[PDB]
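Notes follow the structure.
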Amino acid sequence: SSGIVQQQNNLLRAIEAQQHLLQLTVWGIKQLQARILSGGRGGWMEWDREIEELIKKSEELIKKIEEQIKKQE
Amino acid sequence: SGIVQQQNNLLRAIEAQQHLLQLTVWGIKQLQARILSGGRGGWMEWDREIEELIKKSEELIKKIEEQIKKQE
Amino acid sequence: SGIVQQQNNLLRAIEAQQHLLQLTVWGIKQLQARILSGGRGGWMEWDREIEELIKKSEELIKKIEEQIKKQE
């Protein structure tokens, strides 16, 4: 059960697990930031922006890989 | 070069990023402890969601590592 | 798509997550600097470990992209 195909499927599951972890850490940072520094001064506004754009980019790629794997005919 | 060696390197990247993640979690927990005493405000659930995904992620990485070895 | 095209997409996913990790480390550092004065309490080693792991994984990521292109 250790072929390349299988390993690629497992790497994907690891990638998605870590993706979920990243969103959890982002949630935590926002909670702390909101309590310390209400308002986005010092670059937190561009930070929010970059995060949201990279989260979308990442979940899109994951979706696409999940589609490639299923696409097997 | 080749699919096998590229996969091993992908695993190394993911493993390095796993260690980075666990460091960032440590950082957040330290800060949260200082600003707010306790696990009120959602932090209890957060701690538990985090540790669940961490072990799951760790298991998959060890699993792939094993598959790579069994193939040799 | 095949294994080759999948690896390429996996790499892109990993590089996106590398940039995410860089952004979260930035946020944690901003917070720590505002709350705490020095590098006491483990933040000194945290900084060093973080920077090492960040360099190591982006080294691996850049290497893989190049290895793959060298396969043509």
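Ordering of the structure tokens sets the chain letters (A, B, ...), residue numbers begin anew at 1 in every chain, and ligands are numbered from 1 in the order given.
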Which residues of chain C come within 8 Å of chain B, and what is each one's closest atom pair and distance in Å (one decimal), counting only C-alpha atoms, sorted by chain and residue number, as a tab-separated table?
```
residue	atom	partner	partner_atom	distance
C:4	CA	B:3	CA	7.3
C:7	CA	B:7	CA	7.7
C:11	CA	B:10	CA	7.2
C:14	CA	B:14	CA	7.3
C:18	CA	B:17	CA	7.3
C:21	CA	B:21	CA	7.4
C:24	CA	B:24	CA	7.5
C:25	CA	B:24	CA	6.6
C:28	CA	B:27	CA	6.7
C:31	CA	B:31	CA	7.8
C:32	CA	B:31	CA	7.0
C:46	CA	B:23	CA	7.3
C:50	CA	B:20	CA	6.5
C:53	CA	B:16	CA	6.3
C:54	CA	B:20	CA	7.5
C:56	CA	B:16	CA	7.5
C:57	CA	B:13	CA	5.3
C:60	CA	B:13	CA	6.2
C:61	CA	B:13	CA	6.7
C:64	CA	B:6	CA	6.5
C:67	CA	B:1	CA	6.1
C:68	CA	B:1	CA	7.3
C:70	CA	B:1	CA	7.9
C:71	CA	B:1	CA	6.9
```
If you take only C-alpha atoms and a cut-off of 8 Å, which residues of chain A touch chain B, and what are their nearest atom pairs and distances in Å to one decimal, in chain and number order, as a Markdown table?
```
| residue | atom | partner | partner_atom | distance |
| --- | --- | --- | --- | --- |
| A:1 | CA | B:67 | CA | 7.5 |
| A:2 | CA | B:67 | CA | 4.5 |
| A:3 | CA | B:71 | CA | 7.2 |
| A:4 | CA | B:4 | CA | 7.5 |
| A:7 | CA | B:64 | CA | 5.9 |
| A:8 | CA | B:7 | CA | 7.9 |
| A:10 | CA | B:64 | CA | 6.6 |
| A:11 | CA | B:64 | CA | 7.2 |
| A:13 | CA | B:60 | CA | 7.4 |
| A:14 | CA | B:57 | CA | 5.5 |
| A:15 | CA | B:14 | CA | 7.5 |
| A:17 | CA | B:57 | CA | 5.7 |
| A:18 | CA | B:57 | CA | 6.7 |
| A:20 | CA | B:53 | CA | 7.6 |
| A:21 | CA | B:50 | CA | 6.6 |
| A:22 | CA | B:21 | CA | 7.5 |
| A:24 | CA | B:50 | CA | 7.1 |
| A:25 | CA | B:25 | CA | 6.6 |
| A:28 | CA | B:28 | CA | 6.8 |
| A:29 | CA | B:28 | CA | 6.9 |
| A:32 | CA | B:32 | CA | 6.9 |
```
Atoms kept (N, CA and C atoms) for selection, written as a PDB file, in the first residue's frame:
```pdb
ATOM      1  N   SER A   1       0.826  -1.201   0.000  1.00  0.00           N
ATOM      2  CA  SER A   1       0.000   0.000   0.000  1.00  0.00           C
ATOM      3  C   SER A   1       0.863   1.255   0.000  1.00  0.00           C
ATOM      4  N   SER A   2       2.068   1.150  -0.554  1.00  0.00           N
ATOM      5  CA  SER A   2       3.057   2.214  -0.418  1.00  0.00           C
ATOM      6  C   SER A   2       3.500   2.826  -1.743  1.00  0.00           C
ATOM      7  N   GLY A   3       2.709   2.638  -2.792  1.00  0.00           N
ATOM      8  CA  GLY A   3       3.069   3.154  -4.103  1.00  0.00           C
ATOM      9  C   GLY A   3       3.103   4.671  -4.185  1.00  0.00           C
ATOM     10  N   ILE A   4       3.661   5.188  -5.263  1.00  0.00           N
ATOM     11  CA  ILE A   4       3.682   6.606  -5.510  1.00  0.00           C
ATOM     12  C   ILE A   4       2.288   7.215  -5.483  1.00  0.00           C
ATOM     13  N   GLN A   7       1.185   7.505  -1.921  1.00  0.00           N
ATOM     14  CA  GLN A   7       1.951   8.522  -1.213  1.00  0.00           C
ATOM     15  C   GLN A   7       1.500   9.935  -1.560  1.00  0.00           C
ATOM     16  N   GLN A   8       1.191  10.171  -2.834  1.00  0.00           N
ATOM     17  CA  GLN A   8       0.703  11.477  -3.274  1.00  0.00           C
ATOM     18  C   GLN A   8      -0.624  11.828  -2.617  1.00  0.00           C
ATOM     19  N   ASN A  10      -1.582  10.764   0.305  1.00  0.00           N
ATOM     20  CA  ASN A  10      -1.260  11.039   1.697  1.00  0.00           C
ATOM     21  C   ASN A  10      -0.627  12.414   1.904  1.00  0.00           C
ATOM     22  N   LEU A  11       0.219  12.833   0.964  1.00  0.00           N
ATOM     23  CA  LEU A  11       0.819  14.165   1.013  1.00  0.00           C
ATOM     24  C   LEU A  11      -0.272  15.222   0.968  1.00  0.00           C
ATOM     25  N   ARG A  13      -3.418  14.922   2.019  1.00  0.00           N
ATOM     26  CA  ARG A  13      -4.087  14.925   3.316  1.00  0.00           C
ATOM     27  C   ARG A  13      -3.254  15.670   4.365  1.00  0.00           C
ATOM     28  N   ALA A  14      -1.933  15.564   4.262  1.00  0.00           N
ATOM     29  CA  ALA A  14      -1.048  16.308   5.151  1.00  0.00           C
ATOM     30  C   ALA A  14      -1.135  17.810   4.863  1.00  0.00           C
ATOM     31  N   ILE A  15      -1.098  18.169   3.581  1.00  0.00           N
ATOM     32  CA  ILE A  15      -1.233  19.560   3.146  1.00  0.00           C
ATOM     33  C   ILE A  15      -2.523  20.191   3.649  1.00  0.00           C
ATOM     34  N   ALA A  17      -4.379  19.128   6.217  1.00  0.00           N
ATOM     35  CA  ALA A  17      -4.310  19.187   7.672  1.00  0.00           C
ATOM     36  C   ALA A  17      -3.573  20.450   8.115  1.00  0.00           C
ATOM     37  N   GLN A  18      -2.415  20.693   7.505  1.00  0.00           N
ATOM     38  CA  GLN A  18      -1.613  21.872   7.817  1.00  0.00           C
ATOM     39  C   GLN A  18      -2.332  23.157   7.400  1.00  0.00           C
ATOM     40  N   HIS A  20      -5.604  23.625   7.589  1.00  0.00           N
ATOM     41  CA  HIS A  20      -6.530  23.854   8.689  1.00  0.00           C
ATOM     42  C   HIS A  20      -5.809  24.449   9.891  1.00  0.00           C
ATOM     43  N   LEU A  21      -4.594  23.970  10.147  1.00  0.00           N
ATOM     44  CA  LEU A  21      -3.785  24.491  11.244  1.00  0.00           C
ATOM     45  C   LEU A  21      -3.451  25.962  11.044  1.00  0.00           C
ATOM     46  N   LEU A  22      -3.107  26.325   9.811  1.00  0.00           N
ATOM     47  CA  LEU A  22      -2.777  27.706   9.483  1.00  0.00           C
ATOM     48  C   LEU A  22      -3.947  28.644   9.745  1.00  0.00           C
ATOM     49  N   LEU A  24      -6.325  28.146  11.882  1.00  0.00           N
ATOM     50  CA  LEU A  24      -6.492  28.213  13.334  1.00  0.00           C
ATOM     51  C   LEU A  24      -5.509  29.199  13.965  1.00  0.00           C
ATOM     52  N   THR A  25      -4.265  29.196  13.490  1.00  0.00           N
ATOM     53  CA  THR A  25      -3.268  30.124  14.019  1.00  0.00           C
ATOM     54  C   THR A  25      -3.611  31.559  13.634  1.00  0.00           C
ATOM     55  N   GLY A  28      -6.213  32.865  15.950  1.00  0.00           N
ATOM     56  CA  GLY A  28      -5.615  33.230  17.222  1.00  0.00           C
ATOM     57  C   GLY A  28      -4.914  34.575  17.209  1.00  0.00           C
ATOM     58  N   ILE A  29      -4.125  34.824  16.166  1.00  0.00           N
ATOM     59  CA  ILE A  29      -3.414  36.088  16.010  1.00  0.00           C
ATOM     60  C   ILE A  29      -4.388  37.272  15.913  1.00  0.00           C
ATOM     61  N   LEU A  32      -5.873  38.105  19.368  1.00  0.00           N
ATOM     62  CA  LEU A  32      -4.885  38.823  20.165  1.00  0.00           C
ATOM     63  C   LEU A  32      -4.688  40.242  19.658  1.00  0.00           C
TER      64      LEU A  32
END
```
**Prompt:** What residues in chain A get the DSSP label helix (DSSP H, G or I)? Please answer as a ChimeraX atom specification.
**Reply:** /A:4-36,44-70
**Two-atom distance - atom CA of residue A:39, atom CA of residue B:39 (Å)** =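 Distance reported for this atom pair: 24.5 Å.
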Output chain B, superimposed onto chain C using in-order Cα pairs, as an mmCIF file with N, CA and C atoms, in the first residue's frame:
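This is the output file part08.cif:
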```cif
data_model
loop_
_atom_site.group_PDB
_atom_site.id
_atom_site.type_symbol
_atom_site.label_atom_id
_atom_site.label_comp_id
_atom_site.auth_asym_id
_atom_site.auth_seq_id
_atom_site.Cartn_x
_atom_site.Cartn_y
_atom_site.Cartn_z
ATOM 1 N N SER B 1 -3.673 16.584 -15.489
ATOM 2 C CA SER B 1 -3.741 15.194 -15.042
ATOM 3 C C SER B 1 -2.404 14.479 -15.218
ATOM 4 N N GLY B 2 -2.129 13.535 -14.323
ATOM 5 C CA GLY B 2 -0.864 12.823 -14.328
ATOM 6 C C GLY B 2 -0.026 13.153 -13.104
ATOM 7 N N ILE B 3 0.934 12.285 -12.794
ATOM 8 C CA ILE B 3 1.768 12.439 -11.602
ATOM 9 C C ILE B 3 2.631 13.708 -11.638
ATOM 10 N N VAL B 4 3.167 14.024 -12.813
ATOM 11 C CA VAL B 4 4.018 15.201 -12.976
ATOM 12 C C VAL B 4 3.262 16.500 -12.697
ATOM 13 N N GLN B 5 2.077 16.653 -13.279
ATOM 14 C CA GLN B 5 1.316 17.880 -13.062
ATOM 15 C C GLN B 5 0.763 17.977 -11.640
ATOM 16 N N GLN B 6 0.447 16.832 -11.039
ATOM 17 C CA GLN B 6 -0.021 16.806 -9.659
ATOM 18 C C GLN B 6 1.081 17.225 -8.688
ATOM 19 N N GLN B 7 2.312 16.801 -8.966
ATOM 20 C CA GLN B 7 3.456 17.189 -8.148
ATOM 21 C C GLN B 7 3.703 18.694 -8.212
ATOM 22 N N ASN B 8 3.577 19.266 -9.406
ATOM 23 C CA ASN B 8 3.764 20.702 -9.578
ATOM 24 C C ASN B 8 2.740 21.475 -8.751
ATOM 25 N N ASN B 9 1.509 20.969 -8.718
ATOM 26 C CA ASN B 9 0.445 21.587 -7.935
ATOM 27 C C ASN B 9 0.621 21.404 -6.425
ATOM 28 N N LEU B 10 1.165 20.258 -6.016
ATOM 29 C CA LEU B 10 1.527 20.042 -4.616
ATOM 30 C C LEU B 10 2.572 21.064 -4.188
ATOM 31 N N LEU B 11 3.549 21.308 -5.058
ATOM 32 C CA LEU B 11 4.589 22.298 -4.786
ATOM 33 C C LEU B 11 4.014 23.706 -4.638
ATOM 34 N N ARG B 12 3.048 24.053 -5.489
ATOM 35 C CA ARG B 12 2.372 25.350 -5.408
ATOM 36 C C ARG B 12 1.634 25.531 -4.084
ATOM 37 N N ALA B 13 1.027 24.453 -3.592
ATOM 38 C CA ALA B 13 0.318 24.486 -2.316
ATOM 39 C C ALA B 13 1.302 24.728 -1.175
ATOM 40 N N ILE B 14 2.369 23.935 -1.159
ATOM 41 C CA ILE B 14 3.425 24.074 -0.161
ATOM 42 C C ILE B 14 4.073 25.458 -0.205
ATOM 43 N N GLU B 15 4.243 25.996 -1.408
ATOM 44 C CA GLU B 15 4.820 27.326 -1.554
ATOM 45 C C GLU B 15 3.872 28.392 -1.004
ATOM 46 N N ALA B 16 2.577 28.224 -1.253
ATOM 47 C CA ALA B 16 1.576 29.152 -0.732
ATOM 48 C C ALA B 16 1.526 29.089 0.795
ATOM 49 N N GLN B 17 1.637 27.880 1.336
ATOM 50 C CA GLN B 17 1.638 27.682 2.780
ATOM 51 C C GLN B 17 2.918 28.199 3.429
ATOM 52 N N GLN B 18 4.019 28.185 2.684
ATOM 53 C CA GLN B 18 5.262 28.770 3.180
ATOM 54 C C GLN B 18 5.097 30.273 3.402
ATOM 55 N N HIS B 19 4.463 30.938 2.441
ATOM 56 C CA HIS B 19 4.221 32.376 2.525
ATOM 57 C C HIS B 19 3.249 32.704 3.660
ATOM 58 N N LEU B 20 2.254 31.841 3.864
ATOM 59 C CA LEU B 20 1.321 32.002 4.981
ATOM 60 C C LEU B 20 2.055 31.929 6.314
ATOM 61 N N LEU B 21 2.964 30.964 6.422
ATOM 62 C CA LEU B 21 3.749 30.763 7.636
ATOM 63 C C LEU B 21 4.565 31.991 7.993
ATOM 64 N N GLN B 22 5.242 32.557 7.000
ATOM 65 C CA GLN B 22 6.088 33.714 7.234
ATOM 66 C C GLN B 22 5.261 34.942 7.610
ATOM 67 N N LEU B 23 4.002 34.968 7.183
ATOM 68 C CA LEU B 23 3.084 36.025 7.591
ATOM 69 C C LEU B 23 2.661 35.853 9.051
ATOM 70 N N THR B 24 2.366 34.618 9.453
ATOM 71 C CA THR B 24 1.957 34.341 10.831
ATOM 72 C C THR B 24 3.095 34.619 11.810
ATOM 73 N N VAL B 25 4.318 34.297 11.395
ATOM 74 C CA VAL B 25 5.501 34.596 12.197
ATOM 75 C C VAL B 25 5.627 36.099 12.430
ATOM 76 N N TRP B 26 5.412 36.874 11.368
ATOM 77 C CA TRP B 26 5.435 38.332 11.448
ATOM 78 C C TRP B 26 4.406 38.821 12.457
ATOM 79 N N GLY B 27 3.208 38.244 12.404
ATOM 80 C CA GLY B 27 2.143 38.612 13.319
ATOM 81 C C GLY B 27 2.497 38.344 14.771
ATOM 82 N N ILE B 28 3.035 37.157 15.041
ATOM 83 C CA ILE B 28 3.456 36.797 16.390
ATOM 84 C C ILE B 28 4.559 37.727 16.909
ATOM 85 N N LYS B 29 5.538 38.031 16.060
ATOM 86 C CA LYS B 29 6.634 38.915 16.452
ATOM 87 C C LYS B 29 6.145 40.318 16.795
ATOM 88 N N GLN B 30 5.194 40.826 16.013
ATOM 89 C CA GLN B 30 4.593 42.133 16.282
ATOM 90 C C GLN B 30 3.895 42.147 17.634
ATOM 91 N N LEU B 31 3.107 41.112 17.901
ATOM 92 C CA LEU B 31 2.394 41.012 19.169
ATOM 93 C C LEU B 31 3.360 40.864 20.342
ATOM 94 N N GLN B 32 4.358 40.001 20.187
ATOM 95 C CA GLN B 32 5.347 39.784 21.237
ATOM 96 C C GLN B 32 6.099 41.067 21.590
ATOM 97 N N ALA B 33 6.408 41.874 20.580
ATOM 98 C CA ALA B 33 7.092 43.146 20.798
ATOM 99 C C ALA B 33 6.252 44.089 21.660
ATOM 100 N N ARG B 34 4.935 44.038 21.478
ATOM 101 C CA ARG B 34 4.027 44.929 22.197
ATOM 102 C C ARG B 34 3.795 44.507 23.644
ATOM 103 N N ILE B 35 3.616 43.207 23.858
ATOM 104 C CA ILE B 35 3.367 42.686 25.197
ATOM 105 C C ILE B 35 4.651 42.663 26.025
ATOM 106 N N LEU B 36 5.738 42.208 25.410
ATOM 107 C CA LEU B 36 7.016 42.086 26.105
ATOM 108 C C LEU B 36 8.156 42.712 25.320
ATOM 109 N N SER B 37 8.806 43.699 25.917
ATOM 110 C CA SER B 37 9.976 44.286 25.292
ATOM 111 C C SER B 37 11.187 43.381 25.464
ATOM 112 N N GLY B 38 11.812 43.032 24.345
ATOM 113 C CA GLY B 38 13.019 42.231 24.373
ATOM 114 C C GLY B 38 12.823 40.806 23.901
ATOM 115 N N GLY B 39 13.862 40.003 24.087
ATOM 116 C CA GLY B 39 13.822 38.605 23.720
ATOM 117 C C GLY B 39 13.950 37.694 24.923
ATOM 118 N N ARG B 40 13.586 38.191 26.101
ATOM 119 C CA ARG B 40 13.584 37.353 27.300
ATOM 120 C C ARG B 40 12.444 36.327 27.242
ATOM 121 N N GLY B 41 12.496 35.322 28.114
ATOM 122 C CA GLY B 41 11.410 34.361 28.247
ATOM 123 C C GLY B 41 11.361 33.229 27.232
ATOM 124 N N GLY B 42 12.429 33.056 26.457
ATOM 125 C CA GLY B 42 12.462 32.000 25.461
ATOM 126 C C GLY B 42 12.345 32.527 24.042
ATOM 127 N N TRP B 43 12.067 33.818 23.906
ATOM 128 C CA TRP B 43 11.794 34.381 22.590
ATOM 129 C C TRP B 43 13.048 34.555 21.737
ATOM 130 N N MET B 44 14.203 34.647 22.375
ATOM 131 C CA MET B 44 15.456 34.684 21.672
ATOM 132 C C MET B 44 15.725 33.395 20.892
ATOM 133 N N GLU B 45 15.577 32.269 21.571
ATOM 134 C CA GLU B 45 15.770 30.939 21.036
ATOM 135 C C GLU B 45 14.687 30.691 19.961
ATOM 136 N N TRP B 46 13.487 31.164 20.231
ATOM 137 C CA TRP B 46 12.334 31.003 19.360
ATOM 138 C C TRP B 46 12.601 31.672 18.019
ATOM 139 N N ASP B 47 13.079 32.915 18.067
ATOM 140 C CA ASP B 47 13.444 33.660 16.865
ATOM 141 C C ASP B 47 14.447 32.879 16.030
ATOM 142 N N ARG B 48 15.420 32.267 16.702
ATOM 143 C CA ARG B 48 16.498 31.575 16.006
ATOM 144 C C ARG B 48 16.053 30.230 15.434
ATOM 145 N N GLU B 49 15.223 29.503 16.176
ATOM 146 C CA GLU B 49 14.660 28.254 15.673
ATOM 147 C C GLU B 49 13.794 28.523 14.447
ATOM 148 N N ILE B 50 12.988 29.580 14.528
ATOM 149 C CA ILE B 50 12.091 29.964 13.442
ATOM 150 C C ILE B 50 12.857 30.259 12.150
ATOM 151 N N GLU B 51 13.817 31.177 12.224
ATOM 152 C CA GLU B 51 14.574 31.583 11.045
ATOM 153 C C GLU B 51 15.401 30.446 10.434
ATOM 154 N N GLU B 52 15.807 29.483 11.257
ATOM 155 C CA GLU B 52 16.511 28.309 10.755
ATOM 156 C C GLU B 52 15.601 27.430 9.900
ATOM 157 N N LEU B 53 14.410 27.145 10.416
ATOM 158 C CA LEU B 53 13.456 26.297 9.713
ATOM 159 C C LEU B 53 12.918 26.981 8.464
ATOM 160 N N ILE B 54 12.765 28.301 8.537
ATOM 161 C CA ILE B 54 12.295 29.090 7.400
ATOM 162 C C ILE B 54 13.239 28.990 6.201
ATOM 163 N N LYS B 55 14.536 29.152 6.445
ATOM 164 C CA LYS B 55 15.519 29.047 5.370
ATOM 165 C C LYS B 55 15.655 27.621 4.845
ATOM 166 N N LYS B 56 15.652 26.653 5.756
ATOM 167 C CA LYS B 56 15.655 25.242 5.381
ATOM 168 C C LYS B 56 14.448 24.882 4.520
ATOM 169 N N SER B 57 13.272 25.344 4.934
ATOM 170 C CA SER B 57 12.051 25.104 4.176
ATOM 171 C C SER B 57 12.121 25.772 2.808
ATOM 172 N N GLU B 58 12.592 27.014 2.792
ATOM 173 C CA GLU B 58 12.762 27.761 1.553
ATOM 174 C C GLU B 58 13.710 27.050 0.595
ATOM 175 N N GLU B 59 14.798 26.502 1.129
ATOM 176 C CA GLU B 59 15.795 25.836 0.295
ATOM 177 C C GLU B 59 15.251 24.582 -0.379
ATOM 178 N N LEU B 60 14.501 23.786 0.376
ATOM 179 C CA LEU B 60 13.898 22.563 -0.147
ATOM 180 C C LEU B 60 12.901 22.864 -1.267
ATOM 181 N N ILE B 61 12.113 23.921 -1.092
ATOM 182 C CA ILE B 61 11.128 24.322 -2.093
ATOM 183 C C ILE B 61 11.806 24.766 -3.389
ATOM 184 N N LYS B 62 12.841 25.591 -3.262
ATOM 185 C CA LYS B 62 13.641 25.993 -4.413
ATOM 186 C C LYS B 62 14.313 24.787 -5.068
ATOM 187 N N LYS B 63 14.739 23.832 -4.246
ATOM 188 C CA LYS B 63 15.362 22.604 -4.735
ATOM 189 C C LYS B 63 14.401 21.780 -5.606
ATOM 190 N N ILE B 64 13.195 21.540 -5.096
ATOM 191 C CA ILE B 64 12.172 20.788 -5.825
ATOM 192 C C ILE B 64 11.797 21.500 -7.119
ATOM 193 N N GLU B 65 11.631 22.815 -7.018
ATOM 194 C CA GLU B 65 11.372 23.671 -8.166
ATOM 195 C C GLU B 65 12.428 23.464 -9.245
ATOM 196 N N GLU B 66 13.675 23.310 -8.815
ATOM 197 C CA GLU B 66 14.783 23.092 -9.735
ATOM 198 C C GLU B 66 14.728 21.719 -10.395
ATOM 199 N N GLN B 67 14.503 20.684 -9.586
ATOM 200 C CA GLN B 67 14.343 19.320 -10.083
ATOM 201 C C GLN B 67 13.260 19.234 -11.156
ATOM 202 N N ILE B 68 12.138 19.905 -10.901
ATOM 203 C CA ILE B 68 11.014 19.927 -11.835
ATOM 204 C C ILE B 68 11.434 20.540 -13.166
ATOM 205 N N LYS B 69 12.223 21.608 -13.104
ATOM 206 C CA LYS B 69 12.702 22.253 -14.320
ATOM 207 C C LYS B 69 13.727 21.407 -15.065
ATOM 208 N N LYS B 70 14.648 20.782 -14.333
ATOM 209 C CA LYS B 70 15.707 19.996 -14.969
ATOM 210 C C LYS B 70 15.138 18.802 -15.736
ATOM 211 N N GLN B 71 14.008 18.281 -15.263
ATOM 212 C CA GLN B 71 13.342 17.146 -15.900
ATOM 213 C C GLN B 71 12.691 17.513 -17.234
ATOM 214 N N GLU B 72 12.561 18.811 -17.492
ATOM 215 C CA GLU B 72 12.012 19.287 -18.758
ATOM 216 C C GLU B 72 13.100 19.895 -19.637
#
```
**Request:** Could you tell me how far atom CA of residue A:65 lies from atom CA of residue A:27, in Å and to one decimal?
**Result:**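 Answer for the atom CA of residue A:65 to atom CA of residue A:27 separation: 25.6 Å.
For the pair atom CA of residue A:44 and atom CA of residue A:56, the interatomic distance is 18.4 Å.
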